[PDB]
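> Below is the sequence, then the experimental coordinates.
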Amino acid sequence: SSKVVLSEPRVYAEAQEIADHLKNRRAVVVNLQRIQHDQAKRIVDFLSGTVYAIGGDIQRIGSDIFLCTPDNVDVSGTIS
Amino acid sequence: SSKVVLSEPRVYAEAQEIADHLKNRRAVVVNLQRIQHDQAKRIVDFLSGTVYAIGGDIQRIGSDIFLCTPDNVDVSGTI
């Protein structure tokens, strides 16, 4: 019924695919633990701009991993 | 609208609170980065039994981090 996408991007360009998911109202788990760190930063910044624009959110869920949500997904709880 | 719960348990007994969320049709992200490693294992095994019982799923989504879902959440892609 609801859909969550798991994403492990290799290059900065793959952020566009993630943003398309968000625009289509799906949450996306973004694992950046195994990407070049300079590229990870770029992804996160791009996705911050995406979510800012569509009224969603982006939240760190662990070391170099994030949950991006559209406005139709409420997230509760926190991770240190 | 849907709800996703973020959990960072510190003791094994908190796996019950995660299981309650799943029985109530919410996905839970379970970050086991801060718990003792021996106890992480035991949480992950407890949750596999829970999801087995209710027809959901458990998927590793990074180091020491898992996505548990009930049957009403479809997960696509992999990590």
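Yes, it's here. Numbering: from 1, shown residues only, chains lettered A, B, ... in the order given.
> how about whichever helix in chain A runs longest, does it reach chain B?
For chain A, the helix with the greatest residue count under DSSP state H is helix A:37-54. No - Helix A:37-54 stays out of contact with chain B when judged by Cβ under 8 Å from any Cβ of the partner chain, the minimum separation being 12.5 Å. In short, each C-beta sits where N, CA and C put it, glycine included.
> so what does that helix touch, helix or strand wise?
With contacts taken as 3 or more Cβ pairs under 8 Å, 6 or more residues apart in numbering or on different chains; DSSP states H and E, helix A:37-54 sits against helix A:15-23, strand A:27-31, strand A:57-62, strand A:65-69.
> would you put the C-alpha positions of that helix in PDB?
Only the C-alpha atoms of helix A:37-54 are listed here, as PDB (Å, rounded to 0.1, in the frame of the first residue of the first chain):
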ATOM      1  CA  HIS A  37      32.500  11.200   0.600                       C
ATOM      2  CA  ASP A  38      32.800  14.300  -1.600                       C
ATOM      3  CA  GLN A  39      30.000  12.900  -3.800                       C
ATOM      4  CA  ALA A  40      27.900  12.000  -0.700                       C
ATOM      5  CA  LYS A  41      27.900  15.700   0.400                       C
ATOM      6  CA  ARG A  42      26.800  16.700  -3.000                       C
ATOM      7  CA  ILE A  43      23.900  14.300  -3.000                       C
ATOM      8  CA  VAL A  44      22.700  15.400   0.400                       C
ATOM      9  CA  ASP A  45      22.800  19.000  -0.600                       C
ATOM     10  CA  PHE A  46      20.900  18.400  -3.800                       C
ATOM     11  CA  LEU A  47      18.300  16.400  -2.000                       C
ATOM     12  CA  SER A  48      18.000  19.100   0.700                       C
ATOM     13  CA  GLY A  49      17.000  21.500  -2.100                       C
ATOM     14  CA  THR A  50      14.600  19.000  -3.600                       C
ATOM     15  CA  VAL A  51      12.800  18.400  -0.300                       C
ATOM     16  CA  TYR A  52      12.800  22.100   0.600                       C
ATOM     17  CA  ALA A  53      11.100  22.700  -2.700                       C
ATOM     18  CA  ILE A  54       8.400  20.000  -2.400                       C
END
